[PDB]
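As stored in work_19.pdb (PDB, C-alpha atoms):
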```pdb
MODEL        1
ATOM      1  CA  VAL G 407      20.961 -26.135  -9.195
ATOM      2  CA  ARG G 408      23.501 -24.069 -11.146
ATOM      3  CA  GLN G 409      21.871 -20.951  -9.700
ATOM      4  CA  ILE G 410      23.247 -22.169  -6.355
ATOM      5  CA  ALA G 411      26.786 -21.513  -7.602
ATOM      6  CA  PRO G 412      29.289 -18.631  -7.505
ATOM      7  CA  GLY G 413      29.504 -15.748  -9.933
ATOM      8  CA  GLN G 414      25.996 -15.989 -11.409
ATOM      9  CA  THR G 415      23.038 -13.630 -11.107
ATOM     10  CA  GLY G 416      19.396 -14.615 -11.279
ATOM     11  CA  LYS G 417      16.148 -15.020  -9.385
ATOM     12  CA  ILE G 418      17.875 -17.329  -6.861
ATOM     13  CA  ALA G 419      21.587 -16.498  -6.644
ATOM     14  CA  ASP G 420      20.824 -12.880  -5.680
ATOM     15  CA  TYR G 421      17.171 -12.841  -4.587
ATOM     16  CA  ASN G 422      16.602 -15.923  -2.432
ATOM     17  CA  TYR G 423      19.859 -16.655  -0.587
ATOM     18  CA  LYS G 424      23.113 -15.289  -1.974
ATOM     19  CA  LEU G 425      26.278 -17.382  -1.817
ATOM     20  CA  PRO G 426      29.801 -16.004  -2.311
ATOM     21  CA  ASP G 427      32.247 -16.412  -5.194
ATOM     22  CA  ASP G 428      34.724 -18.394  -3.053
ATOM     23  CA  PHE G 429      32.917 -21.599  -2.054
ATOM     24  CA  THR G 430      34.413 -23.642   0.773
ATOM     25  CA  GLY G 431      32.620 -26.879   1.534
ATOM     26  CA  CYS G 432      30.455 -29.345  -0.368
ATOM     27  CA  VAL G 433      27.390 -29.628  -2.584
ATOM     28  CA  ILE G 434      25.090 -32.478  -1.518
ATOM     29  CA  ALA G 435      21.654 -33.345  -2.887
ATOM     30  CA  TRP G 436      19.559 -36.372  -1.979
ATOM     31  CA  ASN G 437      17.250 -37.637  -4.710
ATOM     32  CA  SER G 438      14.033 -35.748  -3.946
ATOM     33  CA  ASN G 439      12.057 -37.531  -6.677
ATOM     34  CA  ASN G 440      10.854 -40.089  -4.118
ATOM     35  CA  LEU G 441      10.850 -37.562  -1.244
ATOM     36  CA  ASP G 442       9.739 -34.133  -2.525
ATOM     37  CA  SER G 443       7.317 -34.950  -5.358
ATOM     38  CA  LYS G 444       3.557 -34.944  -4.781
ATOM     39  CA  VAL G 445       0.418 -35.180  -6.892
ATOM     40  CA  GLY G 446      -1.062 -31.844  -7.946
ATOM     41  CA  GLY G 447       2.158 -29.865  -7.556
ATOM     42  CA  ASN G 448       4.452 -28.885  -4.687
ATOM     43  CA  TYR G 449       2.978 -25.389  -4.679
ATOM     44  CA  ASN G 450       3.912 -24.960  -1.007
ATOM     45  CA  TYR G 451       7.464 -24.099  -2.056
ATOM     46  CA  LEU G 452       7.607 -20.530  -3.335
ATOM     47  CA  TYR G 453      10.154 -18.453  -5.270
ATOM     48  CA  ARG G 454      10.365 -14.772  -6.196
ATOM     49  CA  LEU G 455      11.694 -13.046  -9.326
ATOM     50  CA  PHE G 456      13.791 -10.076  -8.143
ATOM     51  CA  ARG G 457      14.713  -7.996  -5.106
ATOM     52  CA  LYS G 458      16.057  -4.500  -4.464
ATOM     53  CA  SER G 459      19.681  -5.425  -5.202
ATOM     54  CA  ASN G 460      22.259  -8.149  -4.635
ATOM     55  CA  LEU G 461      22.343  -9.876  -1.254
ATOM     56  CA  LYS G 462      25.287 -11.030   0.881
ATOM     57  CA  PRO G 463      26.346 -14.653   1.470
ATOM     58  CA  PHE G 464      23.919 -16.579   3.685
ATOM     59  CA  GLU G 465      21.273 -13.951   4.436
ATOM     60  CA  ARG G 466      17.744 -14.810   5.555
ATOM     61  CA  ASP G 467      14.626 -13.227   4.015
ATOM     62  CA  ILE G 468      11.402 -14.874   5.164
ATOM     63  CA  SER G 469       9.451 -11.703   4.357
ATOM     64  CA  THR G 470       7.389 -11.886   1.153
ATOM     65  CA  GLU G 471       7.509  -8.135   0.516
ATOM     66  CA  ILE G 472       6.251  -6.696  -2.766
ATOM     67  CA  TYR G 473       9.035  -5.145  -4.846
ATOM     68  CA  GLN G 474       8.740  -2.279  -7.324
ATOM     69  CA  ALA G 475       9.004  -3.745 -10.819
ATOM     70  CA  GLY G 476       8.842  -0.253 -12.325
ATOM     71  CA  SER G 477       9.471   3.158 -10.777
ATOM     72  CA  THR G 478       5.996   4.387  -9.795
ATOM     73  CA  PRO G 479       5.611   5.420  -6.128
ATOM     74  CA  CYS G 480       3.738   2.720  -4.255
ATOM     75  CA  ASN G 481       3.765   5.081  -1.232
ATOM     76  CA  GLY G 482       3.193   2.021   0.930
ATOM     77  CA  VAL G 483       0.218   1.089  -1.271
ATOM     78  CA  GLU G 484       0.494  -1.917  -3.568
ATOM     79  CA  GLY G 485      -0.661  -1.367  -7.122
ATOM     80  CA  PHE G 486       0.691  -0.228 -10.471
ATOM     81  CA  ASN G 487       4.315  -1.343 -10.932
ATOM     82  CA  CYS G 488       4.173  -2.815  -7.400
ATOM     83  CA  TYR G 489       3.597  -6.524  -8.061
ATOM     84  CA  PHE G 490       3.756  -9.769  -6.099
ATOM     85  CA  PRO G 491       7.120 -11.511  -6.685
ATOM     86  CA  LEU G 492       6.200 -14.889  -5.179
ATOM     87  CA  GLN G 493       4.971 -17.738  -7.380
ATOM     88  CA  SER G 494       3.965 -21.345  -6.740
ATOM     89  CA  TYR G 495       5.314 -24.642  -8.116
ATOM     90  CA  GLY G 496       3.826 -27.498 -10.093
ATOM     91  CA  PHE G 497       5.470 -30.888  -9.561
ATOM     92  CA  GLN G 498       3.925 -33.872 -11.339
ATOM     93  CA  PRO G 499       4.828 -37.558 -11.760
ATOM     94  CA  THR G 500       5.156 -36.893 -15.516
ATOM     95  CA  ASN G 501       7.822 -34.191 -15.138
ATOM     96  CA  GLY G 502      11.018 -34.680 -17.119
ATOM     97  CA  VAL G 503      14.690 -34.417 -16.255
ATOM     98  CA  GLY G 504      14.623 -30.622 -16.660
TER
ATOM     99  CA  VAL I   2      -3.793 -25.138  29.117
ATOM    100  CA  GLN I   3      -2.413 -22.165  27.180
ATOM    101  CA  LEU I   4      -3.825 -22.679  23.659
ATOM    102  CA  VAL I   5      -7.371 -23.719  22.730
ATOM    103  CA  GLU I   6      -9.620 -23.927  19.678
ATOM    104  CA  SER I   7     -13.255 -22.880  19.352
ATOM    105  CA  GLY I   8     -15.944 -23.227  16.707
ATOM    106  CA  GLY I   9     -16.608 -25.782  13.995
ATOM    107  CA  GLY I  10     -18.883 -28.760  13.605
ATOM    108  CA  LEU I  11     -21.120 -30.295  10.962
ATOM    109  CA  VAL I  12     -20.874 -28.701   7.513
ATOM    110  CA  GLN I  13     -24.046 -28.675   5.444
ATOM    111  CA  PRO I  14     -22.859 -28.441   1.805
ATOM    112  CA  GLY I  15     -23.122 -24.751   0.965
ATOM    113  CA  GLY I  16     -23.332 -23.446   4.538
ATOM    114  CA  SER I  17     -21.098 -21.165   6.581
ATOM    115  CA  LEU I  18     -19.031 -22.024   9.643
ATOM    116  CA  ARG I  19     -16.745 -20.429  12.228
ATOM    117  CA  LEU I  20     -13.457 -21.705  13.661
ATOM    118  CA  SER I  21     -10.747 -20.361  15.937
ATOM    119  CA  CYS I  22      -7.447 -20.967  17.706
ATOM    120  CA  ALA I  23      -5.930 -19.235  20.738
ATOM    121  CA  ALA I  24      -2.564 -18.499  22.333
ATOM    122  CA  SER I  25      -1.254 -17.550  25.777
ATOM    123  CA  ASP I  26       0.658 -14.247  25.589
ATOM    124  CA  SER I  27       1.456 -11.494  23.107
ATOM    125  CA  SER I  28       5.027 -12.792  22.877
ATOM    126  CA  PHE I  29       3.600 -16.184  21.874
ATOM    127  CA  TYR I  30       2.097 -14.693  18.714
ATOM    128  CA  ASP I  31       5.465 -13.047  18.029
ATOM    129  CA  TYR I  32       6.421 -13.280  15.408
ATOM    130  CA  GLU I  33       4.497 -15.740  13.223
ATOM    131  CA  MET I  34       1.181 -17.522  13.764
ATOM    132  CA  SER I  35       0.001 -19.357  10.649
ATOM    133  CA  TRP I  36      -3.173 -21.349  10.112
ATOM    134  CA  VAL I  37      -2.845 -24.983   9.034
ATOM    135  CA  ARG I  38      -5.144 -27.895   8.319
ATOM    136  CA  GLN I  39      -4.589 -31.619   8.064
ATOM    137  CA  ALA I  40      -6.707 -34.297   6.441
ATOM    138  CA  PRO I  41      -7.175 -38.085   6.544
ATOM    139  CA  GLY I  42      -6.302 -39.214   3.031
ATOM    140  CA  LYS I  43      -5.895 -35.727   1.598
ATOM    141  CA  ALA I  44      -2.438 -34.282   2.171
ATOM    142  CA  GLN I  45      -1.845 -31.871   5.032
ATOM    143  CA  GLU I  46      -1.828 -28.231   3.957
ATOM    144  CA  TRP I  47      -1.432 -24.869   5.682
ATOM    145  CA  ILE I  48      -4.559 -22.720   5.692
ATOM    146  CA  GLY I  49      -3.402 -19.141   6.200
ATOM    147  CA  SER I  50      -0.336 -17.223   7.268
ATOM    148  CA  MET I  51       0.168 -13.755   8.742
ATOM    149  CA  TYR I  52       3.779 -12.651   8.390
ATOM    150  CA  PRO I  53       5.281 -10.240  10.955
ATOM    151  CA  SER I  54       6.293  -7.680   8.303
ATOM    152  CA  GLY I  55       2.696  -6.501   7.830
ATOM    153  CA  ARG I  56       2.218  -8.101   4.409
ATOM    154  CA  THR I  57       0.035 -11.210   4.230
ATOM    155  CA  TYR I  58       0.516 -13.550   1.260
ATOM    156  CA  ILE I  59      -1.529 -16.741   1.325
ATOM    157  CA  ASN I  60      -0.649 -19.702  -0.875
ATOM    158  CA  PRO I  61      -1.497 -19.006  -4.559
ATOM    159  CA  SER I  62      -3.664 -22.134  -4.481
ATOM    160  CA  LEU I  63      -5.219 -21.307  -1.083
ATOM    161  CA  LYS I  64      -5.342 -17.485  -1.203
ATOM    162  CA  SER I  65      -8.787 -17.256  -2.860
ATOM    163  CA  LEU I  66     -10.764 -19.589  -0.571
ATOM    164  CA  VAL I  67     -10.071 -18.678   3.088
ATOM    165  CA  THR I  68     -10.431 -15.388   4.964
ATOM    166  CA  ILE I  69      -8.039 -14.941   7.899
ATOM    167  CA  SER I  70      -8.193 -12.398  10.738
ATOM    168  CA  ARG I  71      -6.773 -12.085  14.254
ATOM    169  CA  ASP I  72      -8.399 -10.973  17.515
ATOM    170  CA  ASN I  73      -6.122 -10.699  20.554
ATOM    171  CA  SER I  74      -8.830 -10.007  23.159
ATOM    172  CA  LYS I  75      -9.429 -13.753  23.517
ATOM    173  CA  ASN I  76      -6.301 -14.479  21.438
ATOM    174  CA  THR I  77      -8.907 -16.022  19.114
ATOM    175  CA  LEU I  78      -8.405 -16.337  15.356
ATOM    176  CA  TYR I  79     -11.402 -16.354  13.019
ATOM    177  CA  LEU I  80     -11.601 -19.156  10.448
ATOM    178  CA  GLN I  81     -14.520 -20.047   8.180
ATOM    179  CA  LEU I  82     -15.391 -23.051   6.013
ATOM    180  CA  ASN I  83     -17.549 -22.758   2.897
ATOM    181  CA  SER I  84     -18.994 -25.369   0.522
ATOM    182  CA  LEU I  85     -17.206 -28.577   1.445
ATOM    183  CA  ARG I  86     -17.866 -31.581  -0.789
ATOM    184  CA  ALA I  87     -17.503 -35.321  -0.239
ATOM    185  CA  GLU I  88     -13.860 -35.242  -1.418
ATOM    186  CA  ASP I  89     -12.511 -32.854   1.235
ATOM    187  CA  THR I  90     -12.406 -34.773   4.532
ATOM    188  CA  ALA I  91     -10.036 -32.665   6.643
ATOM    189  CA  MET I  92      -8.989 -32.868  10.294
ATOM    190  CA  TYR I  93      -7.820 -29.580  11.792
ATOM    191  CA  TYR I  94      -4.819 -29.025  14.061
ATOM    192  CA  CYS I  95      -3.391 -25.692  15.238
ATOM    193  CA  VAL I  96       0.340 -26.268  14.673
ATOM    194  CA  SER I  97       2.902 -23.473  14.395
ATOM    195  CA  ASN I  98       6.195 -23.217  12.485
ATOM    196  CA  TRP I  99       5.392 -25.157   9.333
ATOM    197  CA  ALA I 100       7.677 -22.965   7.204
ATOM    198  CA  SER I 101      10.564 -24.382   9.278
ATOM    199  CA  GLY I 102      10.250 -28.005   8.153
ATOM    200  CA  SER I 103       9.529 -30.805  10.602
ATOM    201  CA  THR I 104      12.108 -29.502  13.097
ATOM    202  CA  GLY I 105      10.311 -26.451  14.513
ATOM    203  CA  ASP I 106       6.640 -27.415  14.466
ATOM    204  CA  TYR I 107       4.920 -27.815  17.839
ATOM    205  CA  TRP I 108       2.708 -30.884  18.305
ATOM    206  CA  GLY I 109       0.080 -31.033  21.032
ATOM    207  CA  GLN I 110      -3.314 -32.743  20.915
ATOM    208  CA  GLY I 111      -5.529 -30.619  18.676
ATOM    209  CA  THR I 112      -8.978 -31.745  17.594
ATOM    210  CA  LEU I 113     -10.310 -34.386  15.209
ATOM    211  CA  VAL I 114     -12.513 -33.225  12.323
ATOM    212  CA  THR I 115     -14.476 -35.411   9.895
ATOM    213  CA  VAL I 116     -16.088 -33.911   6.785
ATOM    214  CA  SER I 117     -18.505 -36.183   4.929
TER
ENDMDL
END
```
Here is a file; write its structure as structure tokens.
Amino acid sequence: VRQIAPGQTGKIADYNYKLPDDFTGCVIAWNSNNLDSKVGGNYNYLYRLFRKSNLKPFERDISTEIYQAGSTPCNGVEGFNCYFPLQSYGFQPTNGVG
Amino acid sequence: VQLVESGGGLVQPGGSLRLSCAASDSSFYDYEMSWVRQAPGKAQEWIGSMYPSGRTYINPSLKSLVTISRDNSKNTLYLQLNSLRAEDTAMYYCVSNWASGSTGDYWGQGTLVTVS
């Protein structure tokens, strides 16, 4: 939740949907424990790890493109130092506050 | 009628099967057309997805079980089922825009599937 906040960098604040340093508005969050928790894990929701660089406030990226973790030339071909950034989620009824 | 489904039927445990869905025009497939299943009892889940950027990334839990391909001659869409057990009763609908929540999905009639 704190990664949706101004002035921080991470796998979400810069690589999912950037938000500016000058928030105007509100932060609202319904309790998703009884709405968005399912047995076996909510692996439908997916997050990446990095992108090319920082985004701009409220930009859309539905593409799941493979980013270059290292500096080898993928040359349009996935492989060494060209890894999948997306990962799944495990949500369980025994999960803690964190 | 602008979208149809073809293939499927009884699944002998350990046998192969064929399934399909169709569309109307090339602009209808633009930009996203993702496979999806449903199931009585078992939660609904999306089968396969083909993103318009050229890279296809199936769900990490469902990327090693289903092969997905597209044929635009009939607008058909090959789907295969392999080794269903008694715990996987699924009913298949061809519903688009599931990565948009329950505000962009299109509901029609579909077909009813029972797996014993």
At most 12 Å is the cut-off: for each residue in chain G with any atom that close to an atom of chain I, write down the nearest atom pair and the distance in Å rounded to one decimal, counting only C-alpha atoms, chain first then increasing number, as JSON lines.
```
{"residue": "G:444", "atom": "CA", "partner": "I:44", "partner_atom": "CA", "distance": 9.2}
{"residue": "G:445", "atom": "CA", "partner": "I:44", "partner_atom": "CA", "distance": 9.5}
{"residue": "G:446", "atom": "CA", "partner": "I:44", "partner_atom": "CA", "distance": 10.5}
{"residue": "G:447", "atom": "CA", "partner": "I:62", "partner_atom": "CA", "distance": 10.2}
{"residue": "G:448", "atom": "CA", "partner": "I:62", "partner_atom": "CA", "distance": 10.6}
{"residue": "G:449", "atom": "CA", "partner": "I:62", "partner_atom": "CA", "distance": 7.4}
{"residue": "G:450", "atom": "CA", "partner": "I:60", "partner_atom": "CA", "distance": 7.0}
{"residue": "G:451", "atom": "CA", "partner": "I:60", "partner_atom": "CA", "distance": 9.3}
{"residue": "G:452", "atom": "CA", "partner": "I:60", "partner_atom": "CA", "distance": 8.7}
{"residue": "G:453", "atom": "CA", "partner": "I:61", "partner_atom": "CA", "distance": 11.7}
{"residue": "G:467", "atom": "CA", "partner": "I:54", "partner_atom": "CA", "distance": 10.9}
{"residue": "G:468", "atom": "CA", "partner": "I:52", "partner_atom": "CA", "distance": 8.6}
{"residue": "G:469", "atom": "CA", "partner": "I:54", "partner_atom": "CA", "distance": 6.5}
{"residue": "G:470", "atom": "CA", "partner": "I:58", "partner_atom": "CA", "distance": 7.1}
{"residue": "G:471", "atom": "CA", "partner": "I:56", "partner_atom": "CA", "distance": 6.6}
{"residue": "G:472", "atom": "CA", "partner": "I:56", "partner_atom": "CA", "distance": 8.3}
{"residue": "G:473", "atom": "CA", "partner": "I:56", "partner_atom": "CA", "distance": 11.9}
{"residue": "G:482", "atom": "CA", "partner": "I:56", "partner_atom": "CA", "distance": 10.7}
{"residue": "G:483", "atom": "CA", "partner": "I:56", "partner_atom": "CA", "distance": 11.0}
{"residue": "G:484", "atom": "CA", "partner": "I:56", "partner_atom": "CA", "distance": 10.2}
{"residue": "G:490", "atom": "CA", "partner": "I:58", "partner_atom": "CA", "distance": 8.9}
{"residue": "G:491", "atom": "CA", "partner": "I:58", "partner_atom": "CA", "distance": 10.5}
{"residue": "G:492", "atom": "CA", "partner": "I:58", "partner_atom": "CA", "distance": 8.7}
{"residue": "G:493", "atom": "CA", "partner": "I:61", "partner_atom": "CA", "distance": 7.2}
{"residue": "G:494", "atom": "CA", "partner": "I:61", "partner_atom": "CA", "distance": 6.3}
{"residue": "G:495", "atom": "CA", "partner": "I:61", "partner_atom": "CA", "distance": 9.5}
{"residue": "G:496", "atom": "CA", "partner": "I:62", "partner_atom": "CA", "distance": 10.8}
```
Expected file contents, prior selection, C-alpha atoms, as a CSV table (one decimal), in the frame of the given file:
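Output saved as part-v2.csv:
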```csv
chain,number,residue,atom,x,y,z
G,444,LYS,CA,3.6,-34.9,-4.8
G,445,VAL,CA,0.4,-35.2,-6.9
G,446,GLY,CA,-1.1,-31.8,-7.9
G,447,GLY,CA,2.2,-29.9,-7.6
G,448,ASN,CA,4.5,-28.9,-4.7
G,449,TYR,CA,3.0,-25.4,-4.7
G,450,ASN,CA,3.9,-25.0,-1.0
G,451,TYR,CA,7.5,-24.1,-2.1
G,452,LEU,CA,7.6,-20.5,-3.3
G,453,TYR,CA,10.2,-18.5,-5.3
G,467,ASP,CA,14.6,-13.2,4.0
G,468,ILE,CA,11.4,-14.9,5.2
G,469,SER,CA,9.5,-11.7,4.4
G,470,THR,CA,7.4,-11.9,1.2
G,471,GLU,CA,7.5,-8.1,0.5
G,472,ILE,CA,6.3,-6.7,-2.8
G,473,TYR,CA,9.0,-5.1,-4.8
G,482,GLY,CA,3.2,2.0,0.9
G,483,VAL,CA,0.2,1.1,-1.3
G,484,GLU,CA,0.5,-1.9,-3.6
G,490,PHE,CA,3.8,-9.8,-6.1
G,491,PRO,CA,7.1,-11.5,-6.7
G,492,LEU,CA,6.2,-14.9,-5.2
G,493,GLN,CA,5.0,-17.7,-7.4
G,494,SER,CA,4.0,-21.3,-6.7
G,495,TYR,CA,5.3,-24.6,-8.1
G,496,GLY,CA,3.8,-27.5,-10.1
```
Write out as a list in words which residues come within 8 Å of range 455-463 of chain G when counting all atoms listed in the file, dropping same-chain ones fewer than 3 positions away. residues 416, 417, 418, 420, 421, 423, 424, 425, 426, 473, 491 and 492 of chain G
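The gap separating CA of residue 77 in chain I from CA of residue 5 in chain I is 8.6 Å, in Å to one decimal.
With distances restricted to only C-alpha atoms, G:489 is the closest residue to residue 476 in chain G from G:431, G:436, G:464, G:489.
Take CA of residue 110 in chain I and CA of residue 2 in chain I: the distance between them is 11.2 Å.
Minimum atom-to-atom distances from G:478, G:415, G:409, G:443 to residue 501 in chain G were compared using all atoms listed in the file, and the lowest value belongs to G:443.
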Starting from the shown file, work through the PyMOL selection byres ((chain G and resi 487) around 8) and note down what comes out as a compact mmCIF listing (two decimals) with C-alpha atoms, in the frame of the given file.
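As written to disk, result-v2.txt reads:
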```
# COMPACT_ATOMS: atom_id res chain seq x y z
CA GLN G 474 8.74 -2.28 -7.32
CA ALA G 475 9.00 -3.74 -10.82
CA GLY G 476 8.84 -0.25 -12.32
CA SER G 477 9.47 3.16 -10.78
CA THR G 478 6.00 4.39 -9.80
CA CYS G 480 3.74 2.72 -4.26
CA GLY G 485 -0.66 -1.37 -7.12
CA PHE G 486 0.69 -0.23 -10.47
CA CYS G 488 4.17 -2.82 -7.40
CA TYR G 489 3.60 -6.52 -8.06
```
Which residue gives the smallest distance to residue 90 in chain I among I:70, I:117, I:76, I:112, with all atoms listed in the file counted? I:117
Could you rebuild range 50-77 of chain I with N, CA and C atoms and give it back as a tab-separated table (two decimals), keeping the file's coordinate frame?
```tsv
chain	number	residue	atom	x	y	z
I	50	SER	N	-1.54	-17.69	6.60
I	50	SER	CA	-0.34	-17.22	7.27
I	50	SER	C	-0.37	-15.71	7.36
I	51	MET	N	0.03	-15.19	8.52
I	51	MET	CA	0.17	-13.76	8.74
I	51	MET	C	1.61	-13.48	9.13
I	52	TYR	N	2.36	-12.90	8.21
I	52	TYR	CA	3.78	-12.65	8.39
I	52	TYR	C	3.99	-11.41	9.26
I	53	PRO	N	5.09	-11.35	10.01
I	53	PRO	CA	5.28	-10.24	10.96
I	53	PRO	C	5.67	-8.93	10.31
I	54	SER	N	5.89	-8.90	8.99
I	54	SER	CA	6.29	-7.68	8.30
I	54	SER	C	5.11	-6.82	7.89
I	55	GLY	N	3.88	-7.24	8.18
I	55	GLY	CA	2.70	-6.50	7.83
I	55	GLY	C	2.05	-6.91	6.53
I	56	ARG	N	2.77	-7.62	5.67
I	56	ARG	CA	2.22	-8.10	4.41
I	56	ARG	C	1.82	-9.56	4.54
I	57	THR	N	0.58	-9.86	4.15
I	57	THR	CA	0.04	-11.21	4.23
I	57	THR	C	-0.10	-11.76	2.82
I	58	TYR	N	0.55	-12.90	2.57
I	58	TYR	CA	0.52	-13.55	1.26
I	58	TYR	C	0.16	-15.01	1.48
I	59	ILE	N	-1.10	-15.36	1.22
I	59	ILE	CA	-1.53	-16.74	1.32
I	59	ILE	C	-1.05	-17.51	0.10
I	60	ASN	N	-1.13	-18.83	0.19
I	60	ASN	CA	-0.65	-19.70	-0.88
I	60	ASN	C	-1.43	-19.41	-2.15
I	61	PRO	N	-0.77	-19.32	-3.32
I	61	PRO	CA	-1.50	-19.01	-4.56
I	61	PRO	C	-2.66	-19.95	-4.84
I	62	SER	N	-2.57	-21.18	-4.34
I	62	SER	CA	-3.66	-22.13	-4.48
I	62	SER	C	-4.69	-22.03	-3.36
I	63	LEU	N	-4.33	-21.43	-2.23
I	63	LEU	CA	-5.22	-21.31	-1.08
I	63	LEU	C	-5.45	-19.86	-0.67
I	64	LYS	N	-5.14	-18.89	-1.54
I	64	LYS	CA	-5.34	-17.48	-1.20
I	64	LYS	C	-6.71	-16.95	-1.60
I	65	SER	N	-7.49	-17.71	-2.38
I	65	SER	CA	-8.79	-17.26	-2.86
I	65	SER	C	-9.94	-18.06	-2.28
I	66	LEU	N	-9.72	-18.76	-1.17
I	66	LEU	CA	-10.76	-19.59	-0.57
I	66	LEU	C	-10.99	-19.33	0.91
I	67	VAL	N	-9.99	-18.83	1.64
I	67	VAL	CA	-10.07	-18.68	3.09
I	67	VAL	C	-9.82	-17.22	3.45
I	68	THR	N	-10.64	-16.70	4.36
I	68	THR	CA	-10.43	-15.39	4.96
I	68	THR	C	-9.84	-15.57	6.36
I	69	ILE	N	-8.80	-14.80	6.66
I	69	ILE	CA	-8.04	-14.94	7.90
I	69	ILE	C	-7.99	-13.59	8.61
I	70	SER	N	-8.27	-13.60	9.91
I	70	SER	CA	-8.19	-12.40	10.74
I	70	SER	C	-7.81	-12.79	12.16
I	71	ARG	N	-7.27	-11.83	12.91
I	71	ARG	CA	-6.77	-12.08	14.25
I	71	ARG	C	-7.45	-11.16	15.26
I	72	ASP	N	-7.83	-11.73	16.41
I	72	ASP	CA	-8.40	-10.97	17.52
I	72	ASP	C	-7.67	-11.37	18.79
I	73	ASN	N	-6.97	-10.42	19.40
I	73	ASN	CA	-6.12	-10.70	20.55
I	73	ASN	C	-6.84	-10.54	21.89
I	74	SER	N	-8.11	-10.12	21.90
I	74	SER	CA	-8.83	-10.01	23.16
I	74	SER	C	-8.96	-11.37	23.83
I	75	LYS	N	-9.42	-12.36	23.08
I	75	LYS	CA	-9.43	-13.75	23.52
I	75	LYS	C	-8.21	-14.52	23.01
I	76	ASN	N	-7.33	-13.85	22.26
I	76	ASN	CA	-6.30	-14.48	21.44
I	76	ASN	C	-6.91	-15.38	20.37
I	77	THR	N	-8.19	-15.20	20.08
I	77	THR	CA	-8.91	-16.02	19.11
I	77	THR	C	-8.48	-15.65	17.69
```
